[PDB]
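Only the coordinates and a few stated rules stand behind these numbers; no lab work does. Quick reminder, even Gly has a Cβ in these numbers, built from the backbone with ideal geometry, and neighbours come from all protein chains shown.
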Amino acid sequence: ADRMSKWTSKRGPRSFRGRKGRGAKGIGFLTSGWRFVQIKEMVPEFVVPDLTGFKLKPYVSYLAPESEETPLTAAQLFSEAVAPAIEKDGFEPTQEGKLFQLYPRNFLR
Amino acid sequence: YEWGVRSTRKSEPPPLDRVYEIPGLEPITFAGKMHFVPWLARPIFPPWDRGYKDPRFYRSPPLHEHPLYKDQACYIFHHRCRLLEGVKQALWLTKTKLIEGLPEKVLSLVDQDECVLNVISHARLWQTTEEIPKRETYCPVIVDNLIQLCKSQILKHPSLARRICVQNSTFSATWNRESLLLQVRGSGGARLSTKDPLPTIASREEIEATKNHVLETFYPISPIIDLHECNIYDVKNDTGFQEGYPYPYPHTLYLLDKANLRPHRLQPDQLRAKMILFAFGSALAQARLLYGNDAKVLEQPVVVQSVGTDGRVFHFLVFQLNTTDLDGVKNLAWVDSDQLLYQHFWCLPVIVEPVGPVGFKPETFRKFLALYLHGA
Amino acid sequence: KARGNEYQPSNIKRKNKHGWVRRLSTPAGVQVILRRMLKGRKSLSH
Amino acid sequence: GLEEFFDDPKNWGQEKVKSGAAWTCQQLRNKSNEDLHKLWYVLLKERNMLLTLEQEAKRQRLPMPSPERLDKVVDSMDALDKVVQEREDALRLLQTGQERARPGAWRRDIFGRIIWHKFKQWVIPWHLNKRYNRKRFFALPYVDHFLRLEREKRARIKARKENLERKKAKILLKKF
Amino acid sequence: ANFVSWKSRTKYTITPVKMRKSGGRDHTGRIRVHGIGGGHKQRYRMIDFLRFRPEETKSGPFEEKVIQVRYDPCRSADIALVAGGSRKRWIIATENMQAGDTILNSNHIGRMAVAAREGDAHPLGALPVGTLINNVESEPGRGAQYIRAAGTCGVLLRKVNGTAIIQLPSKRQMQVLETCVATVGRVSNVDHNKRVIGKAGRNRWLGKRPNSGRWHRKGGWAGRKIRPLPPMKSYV
Amino acid sequence: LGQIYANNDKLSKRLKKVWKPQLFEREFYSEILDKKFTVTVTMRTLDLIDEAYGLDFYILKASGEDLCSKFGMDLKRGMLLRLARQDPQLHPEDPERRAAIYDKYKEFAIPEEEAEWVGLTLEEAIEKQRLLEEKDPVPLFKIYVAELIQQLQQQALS
Amino acid sequence: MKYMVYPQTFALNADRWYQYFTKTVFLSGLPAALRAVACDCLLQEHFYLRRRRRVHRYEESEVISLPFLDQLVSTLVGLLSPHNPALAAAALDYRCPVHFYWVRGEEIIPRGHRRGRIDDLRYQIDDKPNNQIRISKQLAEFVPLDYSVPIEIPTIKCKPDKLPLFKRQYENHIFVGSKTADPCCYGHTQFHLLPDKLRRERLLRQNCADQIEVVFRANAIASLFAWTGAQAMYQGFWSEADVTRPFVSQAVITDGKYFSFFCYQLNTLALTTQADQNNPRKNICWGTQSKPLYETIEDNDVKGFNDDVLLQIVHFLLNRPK
Amino acid sequence: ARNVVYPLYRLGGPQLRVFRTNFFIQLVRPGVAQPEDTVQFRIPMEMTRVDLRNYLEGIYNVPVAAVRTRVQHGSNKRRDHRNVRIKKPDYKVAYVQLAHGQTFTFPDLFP
RNA sequence: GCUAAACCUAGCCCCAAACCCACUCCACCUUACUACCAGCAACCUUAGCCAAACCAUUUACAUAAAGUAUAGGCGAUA
RNA sequence: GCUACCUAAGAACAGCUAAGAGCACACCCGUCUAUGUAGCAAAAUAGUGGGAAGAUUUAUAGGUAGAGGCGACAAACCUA
RNA sequence: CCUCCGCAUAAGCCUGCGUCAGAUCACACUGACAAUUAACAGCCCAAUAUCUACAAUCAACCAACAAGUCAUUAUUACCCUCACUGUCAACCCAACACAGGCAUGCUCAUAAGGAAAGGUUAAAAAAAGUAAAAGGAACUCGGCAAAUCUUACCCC
Ligand SMILES: [Mg+2]
Ligand SMILES: [Mg+2]
Ligand SMILES: [Mg+2]
Ligand SMILES: [Mg+2]
Ligand SMILES: [Mg+2]
Ligand SMILES: [Mg+2]
Ligand SMILES: [Mg+2]
Ligand SMILES: [Mg+2]
Ligand SMILES: [Mg+2]
Ligand SMILES: [Mg+2]
Ligand SMILES: [Mg+2]
Ligand SMILES: [Mg+2]
Ligand SMILES: [Mg+2]
Ligand SMILES: [Mg+2]
Ligand SMILES: [Mg+2]
Ligand SMILES: [Mg+2]
Ligand SMILES: [Mg+2]
Ligand SMILES: [Mg+2]
């Protein structure tokens, strides 16, 4: 009668076992006579690029010199897209009619 | 007496907060937050409608606003409609004379039992692992076997290769009486379909002679009484096939009644009535297909048959549809009621009485065979 | 007869009897939970 | 193919493999978005390979050829994550002016302690969500006492810490 | 304390409805009535007690045909399945009520009285004085509450003004409006009174836990009381 | 809620007692709001109203700690607001009448920004405050742009 | 508890496994009115028969196809009773179950209190053929009892559980379409259709295009074996009293368009390791690649109809018991 | 991708993308003699069978024929000086059958 | 001569001062640690042991005035 | 989650004789004896026995809680 | 030589006699490594109206009483397929590797599953059996227990 062991899908009776799961993220819904309905849009499609002719490697040669850190804040970013502004003397008010919403995230990772 | 009980009804929403009566200040509610708090008033939300449409959480319009809702109620018949008055009511609905015997020609078309016995045994004992099979299993099976047996005289009669029994065929047929609108609907039963139409049983003198005899009144039961009263119906008749389908002419409606409980099953009179209705309906549809929907007395009256249900009992029916003009001459049906092959089957031996069908009679089988034959 | 085994386990019952949700459901239950928290217990509810 | 889940067949059974340094953040910052993405997949495969190797080692009762490399890779990955995330944050700030993308708010629960309730994401509005309205966000008077008690406990702990520190200092002084 | 009552079926129906037992319990969960529960399972045929009610869009008196006369598990009086027009319904049967038999259901308080057939239903205005009745309403269009058990019958004692006076089975008088509906004759299944139970098993089946063994010393109440029948009760 | 000695002698039982007041239901007109309210009022309340003459007057006159009801407080607040704004309460055809009514209660009638908060609980007040100073955050980009503009201006000047 | 063998399996290269279990040898190949009828049957279900309730893609094989198949069976049978008299007396059974239970090989118990004891590992097939044709006389032999055919049975290098094949303990059943008390104990043609899971489109979508033929083959190996086995059992024979005369049956698996044809030759019920050391006998399965009965249906007109398939079907139907 | 909020797919909405995948995987030697063409991986709990299939297909360009996952329990028994139970972590195992009869013997490392 | 003994620093107590804590990501009121769909809601004198040698009214919850005025089965005591 | 009573929806009762019937398994209870009494056991074992198609036995989930419940009253039972 | 047990499923427990390495009635004890793969089982079902009188008992005759366990229809809405979790063991509740308790399906002498005796001696006393001359209740509170079986009569 352990209180200390973490409650999981292995632990209960049949119904309990059926219900819980691990952190899987469901891929569809369930209907009629327990027929699962896998929706393609719910499934995450991995957007892998082509690595042919890609000169970067997973480690960096020791000979590369040291340099001090610079946390990329917003001000810096603005400065590095301020030339056009300067010339004048590129911004969204809302982003509700936009695919990749910056605030209440749509995009994954 | 109002049925319902107060404690099981949806509870009355609690008395609206007292700030809302005061004209006109802004009531501070918990709608500023996104959760209930007891302090702060109960907010009144606008009735939310989901913009886009998701099928799995769909809500239909009210019955008022439907694309074909009519004011005059149509009374509709299906496999599960199960009449209070049985056959007399059915006849009234159909407009028809009942005749207590099968016709002579069919009978003649009779003029082996071991096979039948074997079939029965198979149905009631052999066809599945578990001892004592259930009627939901065996009733259709028996019928199917009988049909097969009947077919197995194609060697004798080569015209029997011009037919086919078909399973998921529906129909619809609509008509008037006193006048109230009536409709019939398709089966959950087999349909023996032929290329050629059946020949007429009654002569045009016999048909004429129907005029004298009256339909049976049965007050005060209303004739519709047990049919689905329905607004929102659509008046289109329909044979269960598109145009240019070979084997279009309906021979026999092999409609059955499975169901392991006594209550779920039809009771024989009711079953008979249903059969009759089906016969009328298919026949009516055929007539409509042939001529116009403009009502009249027919030149070549169509004939449809129907065999009853149940592994044990059998209700045989032939239907002579001769008038699209209801509301003169009337139609006429020939029934051989509740004839029954085999009175009881024993699956296990009692203790004396062996494992098999007691009370067998082949007359029923013969009748069935005759019915099957009719056209050839 | 032998009376030692009063306990006779079934998880569903336990969860209904003694689960977090049940505790939450009353003020008393809530208080219990609070007390446990104060004490510093590793398993507040079952 | 599945050849990528292991390293070069030359290196199987050496006990020492050369693989210099992780990606420092500055370098990552200097690189493009697409480029960064590309690098990520390169990293990922390597990581997987390393993991596989580790597993193999565990199976065989033997030590890893060079477990620092795995660590380095991990570090690099972390750096990459940071850089991109930082950029995203900056973008958000520029556009909407929001620290954190996922929305929430300060909510007092049953137990009285104020929590950052992160918002969960739904199809229907909160007012007719059957489950959400059960999850109550308020205290009631029976909680105040408990809160007070908790506070007291916290204070006691703090006191203990402080006095202990002082004592230690005193001891040190005595010693020297 | 989970207790939703099974009485929750707004639509009238003939189909026998599923029925949860009580145990003599309340919604609290405590025993409010002793000697209840653990009987045989039952299903409820919803009885239409408002005898005169025309079907949708119909006005005056109508006829009915009896189809079946069944045993009801819920009560001592056996019941009858009735049909009229397009709708069927269960009603409480009278004595000698047969299958295939006709019943009248009148609203009409006639000039003269109406010679009643054992089954049929009329206002108390239409009935002769001294006719046996059952399923008596307390007001017009109220519904039948009184004289419903097996073999029961109250005589119509007299009519004065627009009111009739009834003798209930208990014998206490009851004054009602003249227009309130009743059915004539005595209620079906006479001889329910004389049905010997035979054993405690039967009782158990019926759904009655036994009496407690606690010995109670009898008190004041326990002697025979001879009283005059209490004053005639009016609903006017 | 109190206790009584049994026969009002101390040497008998002490036993607990709740004296309840006699509640009534009554309609009530108010000229300031123009509406008929049905209220759970007692006879003392009625007496008080009579003393003060108008119900409205009573509501206004009676202090918040003697009113002893949240509904009453709310009503008072509403009245105050009405007095302040000079809202169309009786609509067209009765402007003179409205004016007269207002003049009847020339006394009282606090500035509008005080009358909003009258008769609130603490929690309610807090909520109101939150609502007031809610606002979606200003994009940093805009701020940056402004700064840039300022800088440019400065440059131009020098 | 015994391995629960499913004929219409999703598992990959299951054929070999099935063969191993059964001890079969698979071999490629074999040992106008009608056409019109077939066409009509095809049309009826896809076009002419008016559906009240709408048909979805999950609902397609159940509602459209099975009934079509049934129609084909029955009508064809009717047609061929003149050409072949045995089908008149023959009992035709719709969706009537076929159970067969046998033992193949030893398994030392790996762990628990039963560890290190020889458990003879058991199997069972429980098929439901869409429909089948049973006769009282046994069919012809095809190939002689004891035929060498040196191509050899698959090896199988591990436990049968690794092919996703699970254990269960329930009623052990040796059942031909009907019980022993029944004259029609022998069989010949067996009609299967595959469910939604083993549609070829699905296979294509996955990377198992190789396994489009395989599934059918596996099914043939299984169900046919079970049927023959059942028949053998019904005539006394079993693992020790092994069959004296070769039991034979026929199959035609399908999925709507694509049919193929599978004869089966049962030479052994001796599958227990006791009775296999002195055993050169082995069962045989003949088989074609799945060929389309038609290209497509444009409204009410079969486009590219295939008569070869029809002919094959006829042949299957029309073989006699001597 | 593990430990991320997944956006809510309503009905007409877009495909869910994973740019920069969070979970990373390890292929292992089978313990109990598997068939040829089977490959045994250790999935991180949150990742699905479908996901695994997709993952293999994209990043490694492998023809995956079938996938079958399974949740292995990691032992809770085993204690400290304190008598507190150290829990070995529970992980997910994946049986991935290759296509085209590709075949894959797990190679010898540490020769 | 074995069992054993022995040992200072872990930390802690009382103060003084000063008003504390609480979002890496993910999950957590449904059976908490559970990605994703149409219903209710908090406030209501403490009591009793005990003392009165029982027990029944009653019985406490900066300094000084003062244990004073008072109260009290005019007693316990307050 | 024991037991007392109930509610929901379940399951079980071989064989022989002819109905809260008889004999008699499985199941339930626990008459009399012996053993056991820091025991195999904080009420057991061996036999012998009462019941075993019913007011029977019993698995699951829910309900009634102490100024209470529940009780075919034994002032029973309500986690030794 | 036993088998009054066995294999499953349910509930419960949660890696608890698998491999290697290691230590200390006799050697399931510590560390590392491995394992249970879905088709079985859980995890369901778009609205609004509208329908559901005739048990079960081989369901057939008989026969009842306690009166019962398995159903739609109409119209509108709707193409997307097989994700997720249980799957080990010599096992649960009784502080124990406790003669106790523990639901259902098969198996009713077993094709499962097991071992009453560490060795020796053969005293008393004690426990469980088997034995019996002659007698046969003379025993004792009582034929309790045992053995063979069955007569009559009270009380309640
Ligand atoms: Mg009594
Ligand atoms: Mg008494
Ligand atoms: Mg005292
Ligand atoms: Mg003292
Ligand atoms: Mg005393
Ligand atoms: Mg008995
Ligand atoms: Mg007995
Ligand atoms: Mg007593
Ligand atoms: Mg006593
Ligand atoms: Mg197992
Ligand atoms: Mg114990
Ligand atoms: Mg053995
Ligand atoms: Mg021993
Ligand atoms: Mg010894
Ligand atoms: Mg002797
Ligand atoms: Mg003596
Ligand atoms: Mg004596
Ligand atoms: Mg004795």
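Classify the range A:1-54 from the C-alpha gyration tensor, please: rounded if a/c falls under 1.5, else prolate or oblate depending on whether a/b exceeds b/c.
oblate
State, in angstrom, two size descriptors of the range E:132-177 derived from its alpha carbons: Rg to one decimal place and Dmax to the nearest whole number.
Computed over the Cα atoms of the range E:132-177, radius of gyration and Dmax are 10.1, 32 Å.
Normalised by the empirical 2.2 N^0.38 Å for globular proteins, what value does the Cα Rg of chain A take?
After normalising by residue count via 2.2 N^0.38 Å, the value is 1.91.
Could you give the spread of the C-alpha atoms of the range E:163-206 along their three principal axes, from largest to smallest, in whole angstroms?
48, 19, 16
Would you report the distance distribution of C-alpha pairs in the range G:118-204 as whole percents per 5 angstrom bin, up to the bin with the largest distance?
Reading upward from the zero bin: 2, 8, 11, 13, 15, 21, 18, 9, 2, 0.
For the range E:126-236, would you read off the P(r) tail past 18 Å as a percentage of all alpha carbon pairs?
62
Based on C-alpha coordinates, I'd like the Rg and Dmax of the range E:1-106, in Å.
17.1, 49
Given the convex hull over the Cα atoms of the range B:1-69, what projected area results after averaging over all orientations, in nm²?
It is 10.0 nm².
Report relative contact order for the range E:71-181 in percent, whole number only (criteria: Cα-Cα under 8 Å, sequence separation at least 6).
20
Per the Cauchy relation, a quarter of the hull surface: what is the mean projected area of the convex hull of the alpha carbons in the range B:66-376, in nm²? Kindly include the intermediate steps, with their values, before the conclusion.
Numbers: hull surface 74.5 nm².
In nm², the orientation-averaged hull projection of the range B:66-376 is 18.6.
If you take the square roots of the eigenvalues of the alpha-carbon gyration tensor of chain H and sort them as a ≥ b ≥ c, do you get rounded (a/c under 1.5), prolate (a/b over b/c) or oblate?
Cα axes put chain H in the oblate bin.
Relative contact order for the range C:4-46: what percent, with Cα pairs under 8 Å and sequence separation of 6 or more?
Relative contact order here is 39 percent.
Taking every alpha carbon pair in the range G:238-312, what does the distance histogram look like in 10 angstrom bins from 0, in percent?
Final binned percentages: 17, 32, 20, 17, 10, 4, 0.
Over all distinct alpha-carbon pairs, what is the Kirkwood Rh of the range B:202-353 in angstrom?
Numbers: mean 1/r = 0.0549 Å⁻¹.
Radius from the Kirkwood sum: 18.2 Å.
For the range E:107-187, what does the convex hull of the Cα positions come to per residue, in cubic angstrom?
Here the figure is 77 Å³ per residue.
Determine Rg/Rh for the range B:289-376; Rg is computed over alpha-carbon atoms and Rh is the Kirkwood hydrodynamic estimate from the same atoms.
Numbers: Rg = 19.5 Å, Rh = 16.1 Å.
Across the range B:289-376, the Cα-based Rg/Rh ratio is 1.21.
Can you pull the Kirkwood radius for the range B:15-154, inverse mean 1/r over Cα pairs, to one decimal in Å?
24.8
Filter the cross-link list B:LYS70/B:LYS97; C:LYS39/D:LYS153; B:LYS211/B:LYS296; B:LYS88/E:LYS65; B:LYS88/B:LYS330; B:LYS95/B:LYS296 down to pairs whose alpha-carbon distance in this structure exceeds 21 Å.
B:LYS70/B:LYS97
For chain F, with the dipole built from +1 on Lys and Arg beta-carbon atoms and -1 on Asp and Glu ones, taken about the Cα centre, which of F:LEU15, F:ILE59, F:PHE108 lies farthest toward the positive end?
F:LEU15
Need the list of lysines near B:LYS10 for cross-linking: C-alpha distance under 24 angstrom, and skip anything on the same chain fewer than eight residues off.
Answer for B:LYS10, where 24 Å is the Cα cut-off: D:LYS130, D:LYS135, E:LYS7, E:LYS11, E:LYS18, E:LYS21, listed by chain and number.
Which of F:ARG82, F:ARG97, F:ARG14 moves the most in a Gaussian network model of chain F with Cα springs under 10 Å?
With Cα springs under 10 Å in chain F, the top fluctuation among F:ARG82, F:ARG97, F:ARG14 is at F:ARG14.
Could you calculate, for chain E, the ratio of the Cα radius of gyration to the Kirkwood radius, expressed as Rg to Rh?
Working: Rg = 20.3 Å, Rh = 20.1 Å.
With Rg and the Kirkwood Rh in hand, the quotient comes to 1.01.
Based on the alpha-carbon set only, what is the convex hull volume of chain F divided per residue, in Å³? Intermediate results must be reported in sequence, preceding the final value.
Numbers: hull volume 42.5 nm³, N = 158.
Spelled out: Cα convex hull of chain F, divided by residues, is 269 Å³.
Any idea what log10 I(q)/I(0) is at q = 0.04, 0.05, 0.06, 0.09 Å⁻¹ for the protein assembly as shown, Debye with uniform C-alpha scatterers and no solvent?
Here log10 of I(q) over I(0) equals -0.46, -0.72, -1.02, -1.47.
Using θ = phi - 60° and the Karplus relation 6.51 cos²θ - 1.76 cosθ + 1.60, list the HN-Hα couplings for the range F:62-76 in order, rounded to whole Hz, with x at every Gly or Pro.
3J(HN,Hα) across the range F:62-76, in whole Hz: 5, 6, x, 7, 9, 5, 6, 9, 6, 4, x, 4, 4, 4, 4.
Calculate log10 I(q)/I(0) of the range B:246-294 for q = 0.28 Å⁻¹, where I(q) comes from the Debye formula with a single equal point scatterer on each Cα and nothing for solvent.
Cα-only, vacuum Debye calculation for the range B:246-294: -1.06.
Would you kindly calculate the mean projected area, averaged across all directions, of the convex hull enclosing the Cα atoms of the range E:179-236, in square nanometres?
Its Cα hull, projected and averaged over all orientations, spans 9.0 nm².
Give the span of the range C:4-46's Cα atoms along each principal axis, as three whole-Å numbers ordered largest to smallest.
Here the Cα extents, ordered largest to smallest, are 33, 21, 15 Å.
Which whole number in µm²/s is D for the range B:187-275 by Stokes-Einstein, with the Kirkwood Rh taken over Cα pairs at 10 °C and 1.306 mPa s?
The Stokes-Einstein estimate is 90 µm²/s.
Excluding same-chain residues fewer than 8 positions from H:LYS88, which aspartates and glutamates have a Cα within less than 15 Å of its Cα?
H:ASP80
Largest first and in whole Å, what are the equivalent-ellipsoid semi-axes of chain G based on the Cα gyration tensor, each being the root of 5 times an eigenvalue?
In descending order the semi-axes read 34, 24, 18 Å.
Stokes-Einstein D for the range E:1-50 at 37 °C, 0.692 mPa s, Kirkwood Rh over Cα pairs, in µm²/s?
259
How many percent of Cα pairs in the range F:53-92 exceed 17 Å?
Values: 262 of 780 pairs.
Percentage above 17 Å: 34.
May I ask you to sort A:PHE54, D:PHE176, B:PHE316 by Cβ crowding, counting other Cβ atoms within 10 Å and putting the fewest first?
Fewest-to-most Cβ neighbours within 10 Å comes out as D:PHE176, A:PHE54, B:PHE316.
Let me see the pair-distance distribution of chain D: every alpha carbon pair, 10 Å bin width, integer percents in order.
7, 18, 16, 17, 25, 15, 3, 0
For chain H, what relative contact order do you get, as a whole percent, if you take Cα pairs closer than 8 Å and at least 6 residues apart?
Dividing the mean separation by the residue count of chain H yields 28 percent.
Show that you can apply the helix-only estimate: for the protein assembly as shown, add -39,500 (n - 2.57) for every DSSP H stretch of four or more residues, divide by all residues, and state [θ] at 222 nm to the nearest 500. Could you put the intermediate results ahead of the total?
Details: 34 runs with 392 residues, N = 1534.
Result for the protein assembly as shown: -8000 deg cm²/dmol, rounded to the nearest 500.
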